[PDB]
file start-v3.cif (mmCIF, C-alpha atoms; chains and numbers go by the auth columns)
data_my_file
loop_
_atom_site.group_PDB
_atom_site.id
_atom_site.type_symbol
_atom_site.label_atom_id
_atom_site.label_comp_id
_atom_site.label_asym_id
_atom_site.label_seq_id
_atom_site.Cartn_x
_atom_site.Cartn_y
_atom_site.Cartn_z
_atom_site.B_iso_or_equiv
_atom_site.auth_seq_id
_atom_site.auth_asym_id
ATOM 1 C CA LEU A 1 -21.990 0.612 -3.970 0.00 2 A
ATOM 2 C CA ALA A 2 -19.388 2.142 -6.336 0.00 3 A
ATOM 3 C CA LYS A 3 -16.416 -0.259 -6.470 0.00 4 A
ATOM 4 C CA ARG A 4 -12.733 0.309 -7.284 0.00 5 A
ATOM 5 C CA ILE A 5 -10.146 -1.925 -9.031 0.00 6 A
ATOM 6 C CA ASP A 6 -6.569 -1.168 -7.946 0.00 7 A
ATOM 7 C CA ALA A 7 -3.239 -2.480 -9.197 0.00 8 A
ATOM 8 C CA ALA A 8 -0.235 -2.689 -6.889 0.00 9 A
ATOM 9 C CA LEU A 9 3.396 -2.761 -8.027 0.00 10 A
ATOM 10 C CA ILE A 10 6.145 -3.958 -5.705 0.00 11 A
ATOM 11 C CA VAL A 11 9.266 -1.928 -6.478 0.00 12 A
ATOM 12 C CA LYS A 12 12.928 -2.207 -5.470 0.00 13 A
ATOM 13 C CA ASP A 13 15.439 0.438 -6.639 0.00 14 A
ATOM 14 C CA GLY A 14 12.921 1.843 -9.093 0.00 15 A
ATOM 15 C CA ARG A 15 12.314 -1.591 -10.674 0.00 16 A
ATOM 16 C CA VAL A 16 9.225 -3.813 -10.693 0.00 17 A
ATOM 17 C CA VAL A 17 10.152 -6.880 -8.649 0.00 18 A
ATOM 18 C CA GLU A 18 9.723 -9.971 -10.889 0.00 19 A
ATOM 19 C CA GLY A 19 8.521 -7.673 -13.709 0.00 20 A
ATOM 20 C CA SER A 20 5.475 -8.240 -15.907 0.00 21 A
ATOM 21 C CA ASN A 21 4.453 -10.180 -19.022 0.00 22 A
ATOM 22 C CA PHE A 22 3.470 -7.113 -21.093 0.00 23 A
ATOM 23 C CA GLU A 23 5.975 -7.409 -23.911 0.00 24 A
ATOM 24 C CA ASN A 24 4.162 -4.559 -25.673 0.00 25 A
ATOM 25 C CA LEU A 25 5.976 -2.251 -23.233 0.00 26 A
ATOM 26 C CA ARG A 26 9.421 -0.852 -23.982 0.00 27 A
ATOM 27 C CA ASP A 27 10.516 -2.019 -20.496 0.00 28 A
ATOM 28 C CA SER A 28 8.075 -4.402 -18.816 0.00 29 A
ATOM 29 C CA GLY A 29 9.918 -3.920 -15.496 0.00 30 A
ATOM 30 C CA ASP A 30 9.674 -0.105 -15.417 0.00 31 A
ATOM 31 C CA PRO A 31 7.019 0.932 -12.849 0.00 32 A
ATOM 32 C CA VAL A 32 6.120 4.214 -14.571 0.00 33 A
ATOM 33 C CA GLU A 33 5.404 2.670 -17.977 0.00 34 A
ATOM 34 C CA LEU A 34 3.588 -0.300 -16.428 0.00 35 A
ATOM 35 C CA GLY A 35 1.613 2.074 -14.204 0.00 36 A
ATOM 36 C CA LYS A 36 0.713 4.289 -17.146 0.00 37 A
ATOM 37 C CA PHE A 37 -0.304 1.174 -19.088 0.00 38 A
ATOM 38 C CA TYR A 38 -2.634 0.150 -16.269 0.00 39 A
ATOM 39 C CA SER A 39 -4.178 3.626 -16.087 0.00 40 A
ATOM 40 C CA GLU A 40 -4.920 3.469 -19.810 0.00 41 A
ATOM 41 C CA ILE A 41 -6.603 0.040 -19.737 0.00 42 A
ATOM 42 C CA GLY A 42 -8.912 0.772 -16.827 0.00 43 A
ATOM 43 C CA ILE A 43 -7.229 0.471 -13.449 0.00 44 A
ATOM 44 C CA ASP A 44 -8.825 2.973 -11.059 0.00 45 A
ATOM 45 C CA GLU A 45 -5.906 3.554 -8.647 0.00 46 A
ATOM 46 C CA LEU A 46 -2.299 2.458 -8.259 0.00 47 A
ATOM 47 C CA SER A 47 -0.196 1.419 -5.279 0.00 48 A
ATOM 48 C CA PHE A 48 3.604 1.546 -5.417 0.00 49 A
ATOM 49 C CA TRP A 49 5.022 -0.557 -2.580 0.00 50 A
ATOM 50 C CA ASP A 50 8.767 -0.075 -2.123 0.00 51 A
ATOM 51 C CA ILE A 51 11.024 -2.733 -0.615 0.00 52 A
ATOM 52 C CA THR A 52 14.346 -1.008 -1.315 0.00 53 A
ATOM 53 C CA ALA A 53 16.608 -2.369 1.406 0.00 54 A
ATOM 54 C CA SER A 54 19.697 -0.239 1.971 0.00 55 A
ATOM 55 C CA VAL A 55 20.321 3.407 2.855 0.00 56 A
ATOM 56 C CA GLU A 56 18.900 4.643 -0.461 0.00 57 A
ATOM 57 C CA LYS A 57 15.230 3.940 0.300 0.00 58 A
ATOM 58 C CA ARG A 58 14.061 7.468 1.155 0.00 59 A
ATOM 59 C CA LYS A 59 15.645 9.066 -1.907 0.00 60 A
ATOM 60 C CA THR A 60 14.521 6.154 -4.101 0.00 61 A
ATOM 61 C CA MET A 61 10.877 6.554 -3.077 0.00 62 A
ATOM 62 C CA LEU A 62 10.933 10.332 -3.541 0.00 63 A
ATOM 63 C CA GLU A 63 12.324 9.852 -7.055 0.00 64 A
ATOM 64 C CA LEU A 64 9.622 7.300 -7.886 0.00 65 A
ATOM 65 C CA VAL A 65 6.846 9.567 -6.591 0.00 66 A
ATOM 66 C CA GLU A 66 8.253 12.434 -8.662 0.00 67 A
ATOM 67 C CA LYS A 67 8.249 10.404 -11.907 0.00 68 A
ATOM 68 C CA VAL A 68 4.843 8.810 -11.246 0.00 69 A
ATOM 69 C CA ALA A 69 3.061 12.143 -10.681 0.00 70 A
ATOM 70 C CA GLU A 70 4.487 13.719 -13.838 0.00 71 A
ATOM 71 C CA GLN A 71 3.253 10.860 -16.138 0.00 72 A
ATOM 72 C CA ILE A 72 0.195 9.391 -14.347 0.00 73 A
ATOM 73 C CA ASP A 73 -3.189 11.068 -13.823 0.00 74 A
ATOM 74 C CA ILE A 74 -5.120 8.505 -11.740 0.00 75 A
ATOM 75 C CA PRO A 75 -4.685 8.564 -7.931 0.00 76 A
ATOM 76 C CA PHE A 76 -1.827 6.585 -6.478 0.00 77 A
ATOM 77 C CA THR A 77 -0.595 5.513 -3.049 0.00 78 A
ATOM 78 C CA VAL A 78 3.043 5.019 -1.978 0.00 79 A
ATOM 79 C CA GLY A 79 3.832 2.604 0.820 0.00 80 A
ATOM 80 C CA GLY A 80 6.471 0.297 2.222 0.00 81 A
ATOM 81 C CA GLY A 81 8.418 1.248 5.334 0.00 82 A
ATOM 82 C CA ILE A 82 7.173 4.835 5.709 0.00 83 A
ATOM 83 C CA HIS A 83 8.073 5.400 9.338 0.00 84 A
ATOM 84 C CA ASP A 84 7.311 8.986 10.446 0.00 85 A
ATOM 85 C CA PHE A 85 5.502 12.224 9.647 0.00 86 A
ATOM 86 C CA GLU A 86 8.385 13.961 7.881 0.00 87 A
ATOM 87 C CA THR A 87 8.928 11.026 5.501 0.00 88 A
ATOM 88 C CA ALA A 88 5.200 10.852 4.730 0.00 89 A
ATOM 89 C CA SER A 89 5.023 14.643 4.381 0.00 90 A
ATOM 90 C CA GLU A 90 7.870 14.704 1.845 0.00 91 A
ATOM 91 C CA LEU A 91 6.176 12.032 -0.262 0.00 92 A
ATOM 92 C CA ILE A 92 2.792 13.775 -0.400 0.00 93 A
ATOM 93 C CA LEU A 93 4.420 17.107 -1.235 0.00 94 A
ATOM 94 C CA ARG A 94 6.399 15.399 -4.013 0.00 95 A
ATOM 95 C CA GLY A 95 3.108 14.361 -5.645 0.00 96 A
ATOM 96 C CA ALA A 96 1.691 11.225 -4.026 0.00 97 A
ATOM 97 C CA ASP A 97 -2.070 11.382 -3.572 0.00 98 A
ATOM 98 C CA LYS A 98 -1.974 9.021 -0.606 0.00 99 A
ATOM 99 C CA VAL A 99 0.606 7.563 1.746 0.00 100 A
ATOM 100 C CA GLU A 100 0.234 4.109 3.226 0.00 101 A
ATOM 101 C CA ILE A 101 1.559 3.208 6.674 0.00 102 A
ATOM 102 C CA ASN A 102 1.556 -0.086 8.500 0.00 103 A
ATOM 103 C CA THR A 103 4.190 -1.077 11.060 0.00 104 A
ATOM 104 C CA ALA A 104 4.935 2.530 12.033 0.00 105 A
ATOM 105 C CA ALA A 105 1.226 3.212 12.599 0.00 106 A
ATOM 106 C CA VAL A 106 0.752 0.044 14.663 0.00 107 A
ATOM 107 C CA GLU A 107 3.645 1.028 16.897 0.00 108 A
ATOM 108 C CA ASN A 108 2.759 4.749 16.955 0.00 109 A
ATOM 109 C CA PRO A 109 -0.912 5.282 15.989 0.00 110 A
ATOM 110 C CA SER A 110 -0.491 9.011 16.629 0.00 111 A
ATOM 111 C CA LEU A 111 1.247 9.012 13.234 0.00 112 A
ATOM 112 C CA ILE A 112 -2.124 8.449 11.537 0.00 113 A
ATOM 113 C CA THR A 113 -3.536 11.546 13.213 0.00 114 A
ATOM 114 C CA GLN A 114 -0.444 13.662 12.473 0.00 115 A
ATOM 115 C CA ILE A 115 -0.634 13.015 8.738 0.00 116 A
ATOM 116 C CA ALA A 116 -4.421 13.459 8.643 0.00 117 A
ATOM 117 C CA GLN A 117 -4.247 16.739 10.601 0.00 118 A
ATOM 118 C CA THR A 118 -2.122 18.341 7.891 0.00 119 A
ATOM 119 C CA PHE A 119 -3.170 16.591 4.701 0.00 120 A
ATOM 120 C CA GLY A 120 -6.691 15.332 5.513 0.00 121 A
ATOM 121 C CA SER A 121 -7.890 11.808 6.243 0.00 122 A
ATOM 122 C CA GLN A 122 -8.198 11.055 2.538 0.00 123 A
ATOM 123 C CA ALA A 123 -4.381 11.184 2.230 0.00 124 A
ATOM 124 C CA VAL A 124 -3.892 8.386 4.804 0.00 125 A
ATOM 125 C CA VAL A 125 -4.104 4.664 4.009 0.00 126 A
ATOM 126 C CA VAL A 126 -3.435 2.046 6.674 0.00 127 A
ATOM 127 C CA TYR A 127 -2.414 -1.385 5.437 0.00 128 A
ATOM 128 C CA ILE A 128 -3.468 -4.041 7.950 0.00 129 A
ATOM 129 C CA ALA A 129 -1.774 -7.424 7.536 0.00 130 A
ATOM 130 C CA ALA A 130 -3.905 -9.936 9.466 0.00 131 A
ATOM 131 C CA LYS A 131 -3.728 -13.665 10.153 0.00 132 A
ATOM 132 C CA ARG A 132 -5.722 -16.290 12.017 0.00 133 A
ATOM 133 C CA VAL A 133 -3.918 -17.241 15.245 0.00 134 A
ATOM 134 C CA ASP A 134 -5.700 -19.654 17.633 0.00 135 A
ATOM 135 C CA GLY A 135 -9.148 -18.728 16.354 0.00 136 A
ATOM 136 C CA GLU A 136 -8.616 -14.937 16.342 0.00 137 A
ATOM 137 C CA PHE A 137 -7.629 -12.460 13.645 0.00 138 A
ATOM 138 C CA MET A 138 -4.363 -10.826 14.685 0.00 139 A
ATOM 139 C CA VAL A 139 -2.279 -7.942 13.351 0.00 140 A
ATOM 140 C CA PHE A 140 1.223 -8.620 11.983 0.00 141 A
ATOM 141 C CA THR A 141 3.973 -6.061 11.383 0.00 142 A
ATOM 142 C CA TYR A 142 7.449 -6.117 9.784 0.00 143 A
ATOM 143 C CA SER A 143 6.408 -7.565 6.426 0.00 144 A
ATOM 144 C CA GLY A 144 3.981 -10.029 7.987 0.00 145 A
ATOM 145 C CA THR A 145 6.539 -11.542 10.390 0.00 146 A
ATOM 146 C CA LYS A 146 5.773 -10.083 13.867 0.00 147 A
ATOM 147 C CA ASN A 147 2.657 -11.135 15.751 0.00 148 A
ATOM 148 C CA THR A 148 1.874 -7.911 17.616 0.00 149 A
ATOM 149 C CA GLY A 149 -0.741 -9.600 19.811 0.00 150 A
ATOM 150 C CA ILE A 150 -3.173 -6.861 18.730 0.00 151 A
ATOM 151 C CA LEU A 151 -6.612 -8.066 17.659 0.00 152 A
ATOM 152 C CA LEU A 152 -7.782 -7.051 14.187 0.00 153 A
ATOM 153 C CA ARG A 153 -11.164 -5.983 15.571 0.00 154 A
ATOM 154 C CA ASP A 154 -9.505 -3.560 18.010 0.00 155 A
ATOM 155 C CA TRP A 155 -7.034 -2.140 15.491 0.00 156 A
ATOM 156 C CA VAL A 156 -9.658 -1.461 12.811 0.00 157 A
ATOM 157 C CA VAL A 157 -11.634 0.620 15.308 0.00 158 A
ATOM 158 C CA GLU A 158 -8.526 2.511 16.429 0.00 159 A
ATOM 159 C CA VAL A 159 -7.425 3.182 12.846 0.00 160 A
ATOM 160 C CA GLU A 160 -10.721 4.937 12.073 0.00 161 A
ATOM 161 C CA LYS A 161 -10.659 6.796 15.395 0.00 162 A
ATOM 162 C CA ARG A 162 -7.141 8.119 14.673 0.00 163 A
ATOM 163 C CA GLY A 163 -8.278 9.517 11.315 0.00 164 A
ATOM 164 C CA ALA A 164 -7.256 7.114 8.520 0.00 165 A
ATOM 165 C CA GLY A 165 -9.022 7.503 5.196 0.00 166 A
ATOM 166 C CA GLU A 166 -9.117 3.882 4.050 0.00 167 A
ATOM 167 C CA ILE A 167 -7.913 0.448 5.094 0.00 168 A
ATOM 168 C CA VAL A 168 -6.162 -2.123 2.933 0.00 169 A
ATOM 169 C CA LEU A 169 -6.954 -5.512 4.470 0.00 170 A
ATOM 170 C CA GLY A 170 -4.243 -7.983 3.443 0.00 171 A
ATOM 171 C CA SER A 171 -4.838 -11.562 4.511 0.00 172 A
ATOM 172 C CA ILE A 172 -1.537 -13.283 5.294 0.00 173 A
ATOM 173 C CA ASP A 173 -3.618 -16.493 5.152 0.00 174 A
ATOM 174 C CA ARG A 174 -3.922 -15.804 1.385 0.00 175 A
ATOM 175 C CA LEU A 175 -0.338 -14.680 0.705 0.00 176 A
ATOM 176 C CA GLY A 176 0.688 -16.082 -2.683 0.00 177 A
ATOM 177 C CA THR A 177 -2.569 -18.027 -3.064 0.00 178 A
ATOM 178 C CA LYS A 178 -5.026 -17.931 -5.963 0.00 179 A
ATOM 179 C CA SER A 179 -8.162 -19.464 -4.396 0.00 180 A
ATOM 180 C CA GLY A 180 -9.941 -16.195 -3.614 0.00 181 A
ATOM 181 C CA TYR A 181 -9.899 -13.137 -1.376 0.00 182 A
ATOM 182 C CA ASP A 182 -10.376 -13.756 2.360 0.00 183 A
ATOM 183 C CA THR A 183 -14.086 -13.010 2.279 0.00 184 A
ATOM 184 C CA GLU A 184 -14.581 -14.225 5.862 0.00 185 A
ATOM 185 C CA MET A 185 -12.023 -11.658 7.045 0.00 186 A
ATOM 186 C CA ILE A 186 -13.699 -8.933 4.943 0.00 187 A
ATOM 187 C CA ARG A 187 -17.109 -9.795 6.406 0.00 188 A
ATOM 188 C CA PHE A 188 -15.596 -9.772 9.909 0.00 189 A
ATOM 189 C CA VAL A 189 -14.219 -6.243 9.460 0.00 190 A
ATOM 190 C CA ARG A 190 -17.150 -4.714 7.538 0.00 191 A
ATOM 191 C CA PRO A 191 -19.441 -3.965 10.551 0.00 192 A
ATOM 192 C CA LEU A 192 -16.517 -2.570 12.553 0.00 193 A
ATOM 193 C CA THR A 193 -15.696 0.490 10.414 0.00 194 A
ATOM 194 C CA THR A 194 -17.337 2.971 8.054 0.00 195 A
ATOM 195 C CA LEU A 195 -14.073 3.456 6.133 0.00 196 A
ATOM 196 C CA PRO A 196 -13.511 2.087 2.630 0.00 197 A
ATOM 197 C CA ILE A 197 -12.144 -1.453 2.873 0.00 198 A
ATOM 198 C CA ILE A 198 -9.713 -2.574 0.163 0.00 199 A
ATOM 199 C CA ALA A 199 -9.281 -6.338 -0.156 0.00 200 A
ATOM 200 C CA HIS A 200 -5.784 -7.658 -0.769 0.00 201 A
ATOM 201 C CA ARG A 201 -4.266 -11.145 -1.383 0.00 202 A
ATOM 202 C CA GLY A 202 -5.780 -14.304 -2.837 0.00 203 A
ATOM 203 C CA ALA A 203 -7.172 -13.109 -6.172 0.00 204 A
ATOM 204 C CA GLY A 204 -6.876 -15.797 -8.856 0.00 205 A
ATOM 205 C CA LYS A 205 -9.803 -15.288 -11.225 0.00 206 A
ATOM 206 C CA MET A 206 -12.448 -12.736 -12.087 0.00 207 A
ATOM 207 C CA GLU A 207 -15.139 -14.308 -9.898 0.00 208 A
ATOM 208 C CA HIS A 208 -12.998 -13.685 -6.813 0.00 209 A
ATOM 209 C CA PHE A 209 -13.472 -9.930 -7.232 0.00 210 A
ATOM 210 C CA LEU A 210 -17.239 -10.386 -7.303 0.00 211 A
ATOM 211 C CA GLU A 211 -17.041 -12.436 -4.084 0.00 212 A
ATOM 212 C CA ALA A 212 -14.986 -9.723 -2.370 0.00 213 A
ATOM 213 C CA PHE A 213 -17.521 -7.048 -3.291 0.00 214 A
ATOM 214 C CA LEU A 214 -20.412 -9.222 -2.071 0.00 215 A
ATOM 215 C CA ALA A 215 -18.465 -9.504 1.191 0.00 216 A
ATOM 216 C CA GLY A 216 -18.542 -5.702 1.532 0.00 217 A
ATOM 217 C CA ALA A 217 -15.175 -4.613 0.117 0.00 218 A
ATOM 218 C CA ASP A 218 -15.218 -1.159 -1.452 0.00 219 A
ATOM 219 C CA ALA A 219 -12.139 -1.872 -3.564 0.00 220 A
ATOM 220 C CA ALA A 220 -10.037 -4.859 -4.577 0.00 221 A
ATOM 221 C CA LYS A 221 -6.279 -4.681 -5.027 0.00 222 A
ATOM 222 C CA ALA A 222 -4.169 -7.189 -6.921 0.00 223 A
ATOM 223 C CA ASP A 223 -0.640 -7.426 -8.264 0.00 224 A
ATOM 224 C CA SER A 224 0.829 -10.605 -9.779 0.00 225 A
ATOM 225 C CA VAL A 225 -2.536 -11.747 -11.187 0.00 226 A
ATOM 226 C CA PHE A 226 -2.491 -8.628 -13.389 0.00 227 A
ATOM 227 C CA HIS A 227 1.273 -8.467 -14.016 0.00 228 A
ATOM 228 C CA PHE A 228 1.510 -12.016 -15.362 0.00 229 A
ATOM 229 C CA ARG A 229 -1.780 -11.585 -17.262 0.00 230 A
ATOM 230 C CA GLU A 230 -3.878 -14.260 -15.564 0.00 231 A
ATOM 231 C CA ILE A 231 -6.632 -11.601 -15.422 0.00 232 A
ATOM 232 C CA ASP A 232 -7.210 -8.845 -17.984 0.00 233 A
ATOM 233 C CA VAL A 233 -8.271 -5.593 -16.306 0.00 234 A
ATOM 234 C CA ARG A 234 -10.809 -4.552 -18.955 0.00 235 A
ATOM 235 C CA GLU A 235 -12.264 -8.073 -19.103 0.00 236 A
ATOM 236 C CA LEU A 236 -12.573 -8.011 -15.306 0.00 237 A
ATOM 237 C CA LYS A 237 -14.478 -4.727 -15.323 0.00 238 A
ATOM 238 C CA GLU A 238 -16.783 -5.981 -18.094 0.00 239 A
ATOM 239 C CA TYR A 239 -17.446 -9.163 -16.111 0.00 240 A
ATOM 240 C CA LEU A 240 -18.207 -7.240 -12.910 0.00 241 A
ATOM 241 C CA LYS A 241 -20.525 -4.780 -14.671 0.00 242 A
ATOM 242 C CA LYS A 242 -22.352 -7.672 -16.381 0.00 243 A
ATOM 243 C CA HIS A 243 -23.168 -9.196 -12.992 0.00 244 A
ATOM 244 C CA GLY A 244 -24.430 -5.973 -11.422 0.00 245 A
ATOM 245 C CA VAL A 245 -21.303 -4.484 -9.814 0.00 246 A
ATOM 246 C CA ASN A 246 -20.980 -0.690 -10.105 0.00 247 A
ATOM 247 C CA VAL A 247 -17.511 -0.312 -11.655 0.00 248 A
ATOM 248 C CA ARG A 248 -16.158 2.592 -13.701 0.00 249 A
ATOM 249 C CA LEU A 249 -16.402 1.814 -17.420 0.00 250 A
ATOM 250 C CA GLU A 250 -17.761 4.832 -19.320 0.00 251 A
ATOM 251 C CA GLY A 251 -14.550 6.755 -18.603 0.00 252 A
ATOM 252 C CA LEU A 252 -12.671 4.238 -20.799 0.00 253 A
ATOM 253 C CA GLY A 253 -13.544 3.024 -24.291 0.00 254 A
ATOM 254 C CA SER A 254 -10.663 3.347 -26.774 0.00 255 A
ATOM 255 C CA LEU A 255 -8.880 -0.013 -26.784 0.00 256 A
ATOM 256 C CA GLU A 256 -10.287 -1.781 -29.844 0.00 257 A
ATOM 257 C CA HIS A 257 -8.861 0.515 -32.535 0.00 258 A
ATOM 258 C CA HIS A 258 -12.196 2.097 -33.459 0.00 259 A
ATOM 259 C CA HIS A 259 -11.569 3.981 -36.714 0.00 260 A
ATOM 260 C CA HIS A 260 -9.626 7.212 -36.209 0.00 261 A
ATOM 261 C CA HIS A 261 -9.688 10.405 -34.139 0.00 262 A
ATOM 262 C CA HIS A 262 -7.300 13.296 -34.821 0.00 263 A
#
call {"tool": "encode", "arguments": {"input": "start-v3.cif", "output": "structure tokens"}}
result
Amino acid sequence: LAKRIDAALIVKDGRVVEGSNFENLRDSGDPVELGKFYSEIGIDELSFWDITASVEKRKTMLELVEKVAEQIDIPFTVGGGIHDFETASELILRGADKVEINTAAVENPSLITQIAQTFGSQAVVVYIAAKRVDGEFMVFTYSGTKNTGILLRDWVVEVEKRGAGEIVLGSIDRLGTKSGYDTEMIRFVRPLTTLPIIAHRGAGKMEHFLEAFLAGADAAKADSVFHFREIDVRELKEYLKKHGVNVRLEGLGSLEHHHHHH
């Protein structure tokens, strides 16, 4: 019944892709300052999703993880093309609370178990990109481009069996949309796993988060809707609490310039 609000930042070469509209920041495209800003206004957890193309990706992600852990105190996940145990191991040891895998786990589900055996299930996030194909939810890999022919219902069960800690459920059918989370897909997955389910893609307004939690999501992740300020994070948490959703609010408070405190 406790619910989580997460912000995700897509990063390339240590930069926020397409930036943000927070001109109060010294550099609105710097993922550490943006991430620290989110942790101060009330985001519960962060995801840093790297799309660095060329041969610099591994070093780039280790450098990001290093800088994030030194400045940021809320949990964060790194993801985006993490392909084996040694890469994931390096990133956790460098300071990431959680590592997210997708394509590599679909192709080699043993990878889930290998990470969880050393670092515990709570360190493992599996991102599942799913799409309706001929009346069935399917799993897509390679940045949503490869139909694996694997059914979502089968993969969710296998992901829990292999030892993942939580699932991010990203609806390709909502990619870039603003009409709501894929609540039908969330409801479809909810009876199939006891793991935390994190909704991703489709958020356009505050009411969409309420819908996702009524559908059984344990957490809701968004990116552009926060970065370009269509939704204010504190306003969202106040709205959710007002309508009965158990979000984390008492741990915040100081954002209205209330007198002074030395």
call {"tool": "resolve_selection", "arguments": {"input": "start-v3.cif", "expression": "the PyMOL selection byres ((chain A and resi 157-159) around 9)", "output": "list in words"}}
result
residues 110, 129, 152, 153, 154, 155, 156, 160, 161, 162, 163, 164, 168, 190, 193 and 194 of chain A
call {"tool": "residues_around", "arguments": {"input": "start-v3.cif", "residues": "segment 112-126 of chain A", "least_positions_apart": "3", "cutoff": "7 Å", "atoms": "only C-alpha atoms", "output": "list in words"}}
result
residues 85, 86, 98, 99, 100, 101, 102, 106, 109, 163, 164, 165, 166, 167 and 168 of chain A
call {"tool": "atom_distance", "arguments": {"input": "start-v3.cif", "atom1": "atom CA of residue 176 of chain A", "atom2": "atom CA of residue 142 of chain A"}}
result
14.4 Å
call {"tool": "residues_around", "arguments": {"input": "start-v3.cif", "residues": "residue 53 of chain A", "least_positions_apart": "2", "cutoff": "7 Å", "atoms": "only C-alpha atoms", "output": "list in words"}}
result
residues 13, 14, 51, 55 and 58 of chain A
call {"tool": "atom_distance", "arguments": {"input": "start-v3.cif", "atom1": "atom CA of residue 146 of chain A", "atom2": "atom CA of residue 132 of chain A"}}
result
10.5 Å
call {"tool": "closest_residue", "arguments": {"input": "start-v3.cif", "among": "A:219, A:231, A:67, A:137", "to": "residue 179 of chain A", "atoms": "only C-alpha atoms"}}
result
A:231
call {"tool": "residues_around", "arguments": {"input": "start-v3.cif", "residues": "residue 35 of chain A", "least_positions_apart": "6", "cutoff": "12 Å", "atoms": "all atoms listed in the file", "output": "MDAnalysis selection string"}}
result
chainID A and resid 8:12 16:17 20:29 41:42 44 47:49 69 72:73 224 227:229
call {"tool": "resolve_selection", "arguments": {"input": "start-v3.cif", "expression": "the PyMOL selection byres ((chain A and resi 238) around 10)", "output": "list in words"}}
result
residues 5, 6, 43, 44, 207, 210, 233, 234, 235, 236, 237, 239, 240, 241, 242, 243, 246, 247, 248, 249 and 250 of chain A
call {"tool": "atom_distance", "arguments": {"input": "start-v3.cif", "atom1": "atom CA of residue 63 of chain A", "atom2": "atom CA of residue 95 of chain A"}}
result
6.8 Å
call {"tool": "decode", "arguments": {"input": "start-v3.cif", "residues": "segment 182-194 of chain A", "atoms": "N, CA, C and O atoms", "output": "JSON list (two decimals), in the first residue's frame"}}
result
[["chain", "number", "residue", "atom", "x", "y", "z"],
["A", 182, "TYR", "N", -0.85, 5.92, -17.98],
["A", 182, "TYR", "CA", -0.14, 4.65, -17.90],
["A", 182, "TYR", "C", -1.00, 3.53, -18.48],
["A", 182, "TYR", "O", -2.23, 3.62, -18.52],
["A", 183, "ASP", "N", -0.34, 2.44, -18.89],
["A", 183, "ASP", "CA", -1.04, 1.28, -19.46],
["A", 183, "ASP", "C", -1.63, 0.45, -18.32],
["A", 183, "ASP", "O", -1.08, -0.57, -17.88],
["A", 184, "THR", "N", -2.76, 0.92, -17.79],
["A", 184, "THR", "CA", -3.32, 0.27, -16.61],
["A", 184, "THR", "C", -3.81, -1.14, -16.92],
["A", 184, "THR", "O", -3.74, -2.01, -16.05],
["A", 185, "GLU", "N", -4.26, -1.40, -18.16],
["A", 185, "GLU", "CA", -4.62, -2.77, -18.51],
["A", 185, "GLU", "C", -3.42, -3.70, -18.42],
["A", 185, "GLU", "O", -3.52, -4.82, -17.91],
["A", 186, "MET", "N", -2.26, -3.25, -18.90],
["A", 186, "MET", "CA", -1.05, -4.07, -18.80],
["A", 186, "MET", "C", -0.64, -4.27, -17.35],
["A", 186, "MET", "O", -0.23, -5.37, -16.97],
["A", 187, "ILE", "N", -0.76, -3.22, -16.51],
["A", 187, "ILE", "CA", -0.43, -3.36, -15.09],
["A", 187, "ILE", "C", -1.35, -4.38, -14.43],
["A", 187, "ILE", "O", -0.90, -5.26, -13.69],
["A", 188, "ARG", "N", -2.66, -4.28, -14.71],
["A", 188, "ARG", "CA", -3.60, -5.23, -14.12],
["A", 188, "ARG", "C", -3.34, -6.65, -14.60],
["A", 188, "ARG", "O", -3.54, -7.60, -13.85],
["A", 189, "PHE", "N", -2.89, -6.80, -15.85],
["A", 189, "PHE", "CA", -2.58, -8.12, -16.39],
["A", 189, "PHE", "C", -1.42, -8.77, -15.65],
["A", 189, "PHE", "O", -1.43, -9.98, -15.38],
["A", 190, "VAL", "N", -0.40, -7.97, -15.32],
["A", 190, "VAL", "CA", 0.80, -8.48, -14.67],
["A", 190, "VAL", "C", 0.58, -8.68, -13.17],
["A", 190, "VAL", "O", 1.21, -9.57, -12.56],
["A", 191, "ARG", "N", -0.26, -7.86, -12.53],
["A", 191, "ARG", "CA", -0.31, -7.86, -11.06],
["A", 191, "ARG", "C", -0.53, -9.24, -10.44],
["A", 191, "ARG", "O", 0.17, -9.56, -9.47],
["A", 192, "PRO", "N", -1.45, -10.08, -10.93],
["A", 192, "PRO", "CA", -1.64, -11.39, -10.29],
["A", 192, "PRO", "C", -0.51, -12.37, -10.56],
["A", 192, "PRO", "O", -0.48, -13.44, -9.93],
["A", 193, "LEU", "N", 0.40, -12.04, -11.48],
["A", 193, "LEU", "CA", 1.40, -13.00, -11.92],
["A", 193, "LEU", "C", 2.69, -12.94, -11.11],
["A", 193, "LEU", "O", 3.54, -13.83, -11.27],
["A", 194, "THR", "N", 2.87, -11.94, -10.26],
["A", 194, "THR", "CA", 4.12, -11.79, -9.52],
["A", 194, "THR", "C", 3.83, -11.10, -8.19],
["A", 194, "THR", "O", 2.92, -10.29, -8.09]]
